[PDB]
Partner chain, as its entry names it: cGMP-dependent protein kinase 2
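The data below hold one chain only, encoded as structure tokens and taken in the form solved without its partner chain.
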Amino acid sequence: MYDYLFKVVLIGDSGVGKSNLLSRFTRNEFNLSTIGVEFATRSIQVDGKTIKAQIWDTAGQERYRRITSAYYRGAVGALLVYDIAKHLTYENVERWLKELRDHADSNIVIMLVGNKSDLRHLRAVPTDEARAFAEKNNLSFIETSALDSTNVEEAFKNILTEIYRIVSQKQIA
């Protein structure tokens, strides 16, 4: 029973916490076997509507750039994740963002997610820097800790709400 079914993909370098964002949001689980791209669904309510989120994650193909255009196909949202404690994963955001815009559809809602906010002492990516990038690129932005749950619920509820608010206003085209 749902009003909308939104495919949202997690993308970002290996080891940034994509899988744990997914497990935290959909199962409230964290892990310190995956045979392919996979998904979990969670229904949320936004504005009196049931939004069924179909949240996709990789099997680690991003270790290679073995991420196919098929993965992005039909995604109306992406959580573009980096690790606040690994600047390279943030440098690589531009590349994923491109890969999105490209292989994904023009109206995709993209939320930039700096994960592992618990790793304060290793912070290599200032919040201001990532926020500024997000703002310039019309991305939403949030920092999460899948470990401590910090902002996980919010990150996904926010992107689903964004997608809902956008799509629900648009007549068929």
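Residue numbers count along the first chain shown, from 1.
Absent from the display: the form solved in complex with its partner chain. The rest refers to it.
> Considering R131, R27, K49, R42, which brings a non-hydrogen atom within 4.5 Å of its partner chain in the bound PDB entry?
By the 4.5 Å heavy-atom cutoff, the listed residue in contact is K49.
> In the bound PDB entry, does every one of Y2, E38 and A70 come within 4.5 Å of its partner chain, counting any heavy atom?
The answer is yes: all three residues contact the partner (heavy atom, 4.5 Å cut-off).
> In the bound PDB entry, which of 139-147, 109-117, 61-69, 122-130 comes within 4.5 Å of its partner chain (heavy atoms)?
Result for this chain: 61-69.
> So, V76 and its partner chain: in the bound PDB entry, are they within 4.5 Å at any heavy atom pair?
Output for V76 is yes: heavy atoms within 4.5 Å of its partner chain.
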